Amino acid sequence: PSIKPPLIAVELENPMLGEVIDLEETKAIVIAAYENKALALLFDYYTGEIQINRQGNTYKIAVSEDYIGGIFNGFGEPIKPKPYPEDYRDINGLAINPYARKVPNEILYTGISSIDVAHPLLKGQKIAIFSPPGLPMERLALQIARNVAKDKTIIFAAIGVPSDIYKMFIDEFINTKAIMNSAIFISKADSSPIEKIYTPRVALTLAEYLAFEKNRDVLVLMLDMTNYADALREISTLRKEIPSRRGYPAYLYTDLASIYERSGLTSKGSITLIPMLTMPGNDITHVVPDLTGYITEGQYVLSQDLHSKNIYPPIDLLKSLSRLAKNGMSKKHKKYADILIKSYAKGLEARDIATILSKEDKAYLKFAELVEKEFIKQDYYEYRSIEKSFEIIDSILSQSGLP
Amino acid sequence: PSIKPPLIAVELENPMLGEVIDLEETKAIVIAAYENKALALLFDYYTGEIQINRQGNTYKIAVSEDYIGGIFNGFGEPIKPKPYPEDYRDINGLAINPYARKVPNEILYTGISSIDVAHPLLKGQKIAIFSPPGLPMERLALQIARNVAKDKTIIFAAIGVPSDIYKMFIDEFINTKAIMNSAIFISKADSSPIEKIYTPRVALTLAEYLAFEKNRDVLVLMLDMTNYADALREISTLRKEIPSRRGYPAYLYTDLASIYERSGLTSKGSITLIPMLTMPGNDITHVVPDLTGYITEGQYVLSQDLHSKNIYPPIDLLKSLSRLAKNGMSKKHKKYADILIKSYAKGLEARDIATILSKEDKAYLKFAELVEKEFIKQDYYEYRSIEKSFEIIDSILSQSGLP
Amino acid sequence: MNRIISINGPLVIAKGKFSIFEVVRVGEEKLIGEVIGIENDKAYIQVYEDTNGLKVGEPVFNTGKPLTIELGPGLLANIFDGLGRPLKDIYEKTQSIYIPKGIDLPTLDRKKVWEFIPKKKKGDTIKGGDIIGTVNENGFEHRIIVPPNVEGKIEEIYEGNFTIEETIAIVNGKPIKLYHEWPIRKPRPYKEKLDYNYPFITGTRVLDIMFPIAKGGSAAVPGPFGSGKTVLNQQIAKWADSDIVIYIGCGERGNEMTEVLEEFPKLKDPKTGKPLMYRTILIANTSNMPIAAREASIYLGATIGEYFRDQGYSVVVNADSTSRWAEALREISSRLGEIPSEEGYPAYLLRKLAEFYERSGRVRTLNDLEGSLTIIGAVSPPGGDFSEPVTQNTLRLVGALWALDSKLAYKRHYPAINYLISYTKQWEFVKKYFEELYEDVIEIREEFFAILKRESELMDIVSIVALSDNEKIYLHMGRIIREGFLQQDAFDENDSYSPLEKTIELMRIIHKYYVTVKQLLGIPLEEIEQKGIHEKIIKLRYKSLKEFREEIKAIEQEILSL
């Protein structure tokens, strides 16, 4: 009986992987198992001796629509009326058959020109938001959910975020009256690592139920994924195994893939997932945003340079990506994305040069100059149509010197 | 009974951390302790079997003024009359109460313009000397001790230095007739790591006794700190624990802090400490000079560029630092330090540019040009007053084009 | 019965019956420790003192209680350690400048006579966190708050002169003193979490304008040595708009703690006129002091900070530096024989750091009052590399970054706040204050950021020579902003503290200067700078009070380019 919170050692007669053991005033998850020895992670904080009550099951949550309009934690435990129990389900879920899947082809317009035109978001599509520390990434999520989830359920999973982060989401849902059309799961910063990993697992377990069983379109936002990888590494360290790069576990990719892949489009409903992570040291090749980019169907990279130029949203047009974008973009829509990107890329290329060119590279330089000030820059409470976004591009082109 | 010099294994009935065990013709320090098993580090070299004589104490040295005028080793053992024993004291000492401390405000003039003006040394202040391999760092110490310790006791701790290094200090003390006003502790290069770590510990144990108990001002010089960290890492490796960056122990900062903090100013006396370390690969962000800079109240960084320009002392004015400097600098003295540094910084900035400017940046460039040749460059046997150093600055300013 | 079986640095393994987080007395010398782990019949304990000389045949005594601290009058103008022990009394009881191991003395003065003036009456029902009365602690209204657990009516209640150990009132068969014990690892409970309303004035013209935070917020000041982490934080400990200031010297220079004792009673508060020491509480566990007490020092000042927060005041805590705390956690986790994570640090670094930074917050007290705990943490990354665990984990917990750049510290540009990477996620919470009481400040704030931005852009261009006059203007205005607004001598008698009246006027005088130069772009800039007006603006910050007001209306006359 070794006790050092939140990790404990316990003698159990033939334990189970991921088994839930009820204690005096708390619970625990059996993470290790060899013969009659096992290691467990506590849900919160414990102190005294350890009568053990072995359930014989993994952590199962009830599935219903009681969650829609309430605030919960990483376990789905009620913080605000306990949900009806309620058909208990495995929080890990199952692997979705790709044969039954459907490639997203319906674009969800955000009202943001720096998104809709070049790299638009589609219904059911999984796409992340990469952001340097201190940049308005939270506002970027709240602005999206405001406009693409008007007729959808907004499931939000808070991963190891401070009280200033998740309450920024909560208060926004109340002011926009979308609090009752939402479900919030919050794992605190100093909360147990077992709670910071179950948070996106119970939020998607609900998302799969609402979308693919109750036939709905669900928008899921999560933050912070960097804290999630930090929580997983914490458990990987406790469970005596061999770590890898930066102490992170080897199964980091698959574990992050066991979340992002829990989203898509079916003939019944869809799950639009928008993961968010602050790149440690503003490095996109860091072990967390890199593997994330290897899974997510595109990403929205934020720019400190644009942020310093007081540009919201500070989205890098050339670094950002949307793989399934062209599956909803029409022949006219595809034209603007090419014209924008190519001229903006040749514009920034003409920005590094012609400093220390000809009339041609004079226009492209002015193009990228007018794009950041008018096209990219948008008020937080401003909605634009795809036609309006075209009107801006057509206006900028007519001023730069281009056709 | 495992024997592999200088580390041994020994069965002892309830051992003690840091316990001294007398052998046949040598001693040892018990560094590890679990139940009835212990690991020990020999003082020198041993061979045969191991009758053990447990003292029951840590390594304690006698405190007196017999050391003043004699040469010793890392244990304080006589090499030159054994000191009177003599009130044995813990060589580790105790933590000085900051409430009883006094922030140094009395500047000790070195006679060096590249020091006195910009980053002067104060009495009791701890300040280090960073130097690239092969640069006259030893001469920089001997020149300081020559002029700021005329009425003080010069305690010198030699850490893993060759015979050409410490005898450069010894012969200098004899030629300047300061040998009898000094105390020298020498740990050889191939000496035991237990001797290379006790050297600055016994030198300061004496320094604390002379200054804060016998009421004196004591100047302490030590070298090489890089060898000290090398000696500590050696023991940290022998004692089966988890290493860190470059194999160095995790408690490197605290251990280096358990030396530098053993200096300061009290109402009775003061301890002026000048640590010295050769930056491995001429890198100031190396694991040794970095943590040293996090403890020492400033440092004197040497320059290979100036050294190649035949400039002594090759001190970098912009990289060097003295935190408590402004606590002794008058309103007139503070003016020169600002004028010197700012114009020299704008001068070097005008050196990189205007190569491949205007009249303004022409003067600053000439300023930094005349500073290195006249102000920074000083003969090894040349002493300057603070007024004389002002005369140089005022002369350089009147030639560059500045007021 | 209990006995040590293993001694490993600050870690000591004993053999006996122990509970988790239990205070113990190690050896026959009785060294204060705390149980952190349990291995069957054994218990892993960390010692907040030296363990060099302890025997294996030494016992370990129990206490039955957790690590606590005396919360009451007697903390102000005094310096303590990580365990909350008076460094004044230690020097007086031992008559030595050294700190002995195993000296256990009470935090507050036991013989001190306070004058307790009650605010409640006999027969009144009292809850938890309620203010039973006020005590004049050297000009401070120390509102005596009852422990959060007690409840009921007041049987008896007294008034007048008492000591810290005497009963002022008796409630429900239990006496109520002027102080109460509280576990430092257990955060103090509050009613509800309030929203940001008022900005956190620091007195520095960069932490108030460029990157300001709100009251009850959190920040981070990372950077290499020679930057000014200690100097800047002490300035925050000097001129903060706060009722209670706490400075935690975590594993740093002892002289930097002595500096507070010498220069604070001399200076006066720009809000009360009283010495800064009266509103200052020191926690001193230096670098040479026991490494285990570094953690305790963090949990100590945070708890004491919450104590004055529960009273209903403005509390600011400066921890310098958190990198030594992280080193302590690294050291302890290394002795325990656990798998290291990134850069040698333990895996639960972010979690432990979250146990401190989350204590900050403008909250509703247990007596329906508005308290505020603003936490400013200092980080010391190796080689000035911000891409490190301690820094990167803190960045995902705080609301702003106050990074110290080496290049600025190289040319002696203090404070060396890197006005490019540094940020603030609490600007939209504090923008209402400045806009309401000073219309044109966000107009100029963006302008200041723009000038500093393009100057950085043109700085990659300056490595060639030969520029447009519309480009040379930013190089000119950039010099004015840096030297005459960003730079702030902390040792100058009149530039150390800068009120908003002085700060905004500097923002106004540069804006008034900027709109003039842009209009003259039709004459060369060389003639504009020939007047030497820009140099007169730089010298503004070094001016006193009345002299500063007069030069402003002197430059405005020189502004007239008619």
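What counts and how
- Residues numbered from 1 in each chain as written, not as in the entry; some residues may be left out.
- Chains lettered and ligands numbered in written order.
- Part of a larger assembly, values for the part shown.
- Heavy atoms only, no water.
- Residues with missing side-chain atoms left out of burial classes, pairs and counts.
- Helix = DSSP H or I, 4+ residues; strand = E, 2+ residues; numbered from the N terminus.
- Rg over C-alpha atoms; globule rule 2.2 N^0.38 Å.
- Axes fitted to C-alpha atoms, helices over the stretch in contact; angles between N-to-C directions.
- Left-handed = near helix turned anticlockwise from the far one by under 90°.
- Contact = heavy atoms within 4.5 Å.
- Nonpolar A, V, L, I, M, F, W, Y, C, P; charged D, E, K, R; others polar.
- Parallel < 35°, antiparallel > 145°, perpendicular 65-115°, else oblique.
- Expected span 1.5 Å × (residues − 1).
- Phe/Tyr/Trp six-rings, centres within 6.5 Å; stacked < 30°, edge-to-face > 60°.
- Buried < 20%, exposed > 50% of the residue type's maximum accessible area, 1.4 Å probe, protein only.
- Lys NZ or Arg CZ within 6 Å of the ring centre and 35° of its normal.
- Domains from an automatic or database assignment.
- Buried area = accessible area lost by both parts, 1.4 Å probe.
- Salt bridge = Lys/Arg side-chain N within 4 Å of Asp/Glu carboxyl O.
- Polar contact = N/O pair within 3.5 Å; in protein donor to acceptor, adjacent residues only side chain to side chain.
- Pairing = 2+ DSSP bridges.
- UniProt positions renumbered as here; feature names shortened; annotations may be inferred.

It is worth spelling out the overall build of chain C at this point. When its secondary structure is counted, chain C shows 15 helices and 27 strands. Relative to the compact-globule value of 24 Å for 562 residues, chain C shows a C-alpha radius of gyration of 27 Å, a close match. Taken along its principal axes, the extent of the C-alpha atoms in chain C is 90 × 55 × 45 Å.

Here the focus is the packing of helix α10 (residues 359-376) of chain B against helix α11 (residues 386-400) of chain B. Residue and element names in this part refer to chain B. Packing of α10 against α11 leaves a shortest axis separation of 9 Å and a crossing angle of 145 degrees. Note that α10 runs across α11; the crossing there is right-handed. Judged by residue contacts, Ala363, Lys366, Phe367, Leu370, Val371, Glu374 and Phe375 of α10 engage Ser389, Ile392, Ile393, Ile396, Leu397, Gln399 and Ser400 from α11. In terms of residue class, the contact of α10 with α11 is made up of nine nonpolar, three polar and two charged.

Looking now at the side chain of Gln234 of chain C. Within the secondary structure, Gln234 of chain C is located in helix α2 (residues 229-236). Excluding residues within four positions of it along the chain, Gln234 of chain C makes contact with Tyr247, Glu256, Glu259, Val260 and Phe264 of chain C.

Residue and element names in this part refer to chain A. Helix α3 (residues 163-175) packs onto helix α2 (residues 138-148) with a crossing angle of 25 degrees between their chain directions and a minimal axis gap of 11 Å. In this view, α2 runs roughly parallel relative to α3, as classed from their interaxial angle. The two elements α2 and α3 cross, and the hand of that crossing is right-handed. For the pair formed by α2 and α3, the contact residues are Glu138, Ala141, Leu142 and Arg146 on the first element and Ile165, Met168, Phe169, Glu172 and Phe173 on the second.

In this assembly, 37 residues from chain C lie in contact with 49 residues from chain A. Contributions of two or more residues to the side of chain C that touches chain A are made by β4 (31-39), α6 (349-357), α7 (389-394) and α10 (442-458) of chain C. Split by residue class, the side of chain C that touches chain A holds 18 nonpolar, six polar and 13 charged.

Time to look at helix α9 (residues 331-352) of chain A. Over its 22 residues, α9 of chain A runs 32 Å from end to end, which matches the ideal 32 Å to within 8%, given 1.5 Å per residue. Directly after α9 of chain A, the chain includes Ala354 of chain A, whose backbone phi takes a positive value near 55 degrees.

Enumeration over the complete set of coordinates arrives at 40 aromatic pairs over all chains. Centroid distance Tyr294 of chain B to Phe225 of chain C: 5.6 Å. Interplanar angle 80 degrees. Geometry classified as edge-to-face. Of this pair, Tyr294 of chain B sits in the loop between α7 (287-293) and β19 (298-301) while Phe225 of chain C is found in the loop between β20 (218-221) and α2, placing the two residues in two different chains. The same class applies to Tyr294 of chain B as to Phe225 of chain C, namely buried. Among the aromatic residues, those joined into a cluster by ring pairs are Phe43, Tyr59, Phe75 and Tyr198 of chain A. Sitting over the face of the ring of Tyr248 of chain B, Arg233 of chain B holds its NZ or CZ atom 4.4 Å from the ring centroid. Sitting over the face of the ring of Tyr294 of chain B, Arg324 of chain C holds its NZ or CZ atom 4.8 Å from the ring centroid.

What follows deals with the interface of chain B and chain C. If you look at the interface, chain B gives 59 residues, while chain C gives 59 residues. For the side of chain B that touches chain C, the secondary-structure elements that each account for two or more residues are β4 (28-34), β10 (95-96), α4 (193-212), α6 (252-260), α7 and α9 (331-352) of chain B. Looking at the side of chain B that touches chain C residue by residue, the classes come out as 29 nonpolar, 16 polar and 14 charged.

Let us now look at the domain arrangement of chain C. Residue and element names in this part refer to chain C. Taken domain by domain, chain C comprises domain 1 (1-67), domain 2 (68-111 + 177-424), domain 3 (112-176) and domain 4 (425-562). At the junction of the two partners, domain 2 supplies 29 residues and domain 3 supplies 29 residues. Of the roughly 2600 Å² buried between domain 2 and domain 3, counting both surfaces, carbon and sulfur atoms make up 60%. For the interface between domain 2 and domain 3, the tally reads one salt bridge. Between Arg110 and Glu165 there is a salt bridge; the shortest N-O distance is 2.8 Å. Inspection of the domain 2/domain 3 interface yields 15 residue pairs in polar contact. For the side of domain 2 that touches domain 3, the secondary structure elements donating two or more residues are β18 (180-183) and α4 (293-311). Counting residues per element, the side of domain 2 that touches domain 3 draws most heavily on α4, at four residues. A breakdown of the residues in the side of domain 2 that touches domain 3 according to their chemical character gives 15 nonpolar, six polar and eight charged.

Before going further, it helps to spend a moment on the sheet that holds strand β12 (residues 131-137) of chain C. Sheets are built from strands that pair by backbone hydrogen bonding, the pairs being arranged parallel or antiparallel. Residue and element names in this part refer to chain C. One open sheet accounts for four strands, arranged β13-β12-β10-β15; its pairing is antiparallel. At either end of the open sheet lies a strand with only one pairing partner, and these are β13 (140-145) and β15 (160-162). Within this sheet the neighbouring strands show an average axis-to-axis angle of 35 degrees, counted without direction. In terms of strand pairing, β12 meets β13 through six bridges, oriented antiparallel. If you follow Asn136 over to β13, its bridge partner there is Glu141. α4 contacts β12 and β13 of the sheet and is inclined by roughly 90 degrees relative to β13.

A few words on the pairing of strand β25 (residues 372-378) of chain C. Residue and element names in this part refer to chain C. With seven of seven residues buried, β25 is to be regarded as a mostly interior element. Note that β20 and β25 share four bridges and pair parallel. By the bridge assignment for β25, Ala220 is matched with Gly377. Judged from the six bridges that link them, strand β23 (residues 314-320) and β25 form a sheet pairing that is parallel. In the strand pairing of β25, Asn318 is matched with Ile376.

In this structure, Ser258 of chain B sits in helix α6. Classification of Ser258 of chain B as buried rests on a relative accessible area of 17%. Leaving out residues up to four positions away in the same chain, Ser258 of chain B has contacts with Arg201 of chain B together with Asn288 of chain C. Of note is the side chain of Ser258 of chain B, whose polar atom sits 3.5 Å from the side chain of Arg201 of chain B. A polar side-chain atom of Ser258 of chain B sits 2.4 Å from the main-chain carbonyl oxygen of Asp255 of chain B.

As a further point, take the UniProt feature "binding site: ADP" (unreviewed entry) in chain A. Residues and elements named next belong to chain A. Here, the residues flagged by UniProt with the feature "binding site: ADP" (unreviewed entry) are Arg323. Note that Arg323 resides in the loop between β19 (321-322) and α9. Leave out the neighbours within four places in its chain, and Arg323 touches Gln125, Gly293, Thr296, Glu297 and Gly298.

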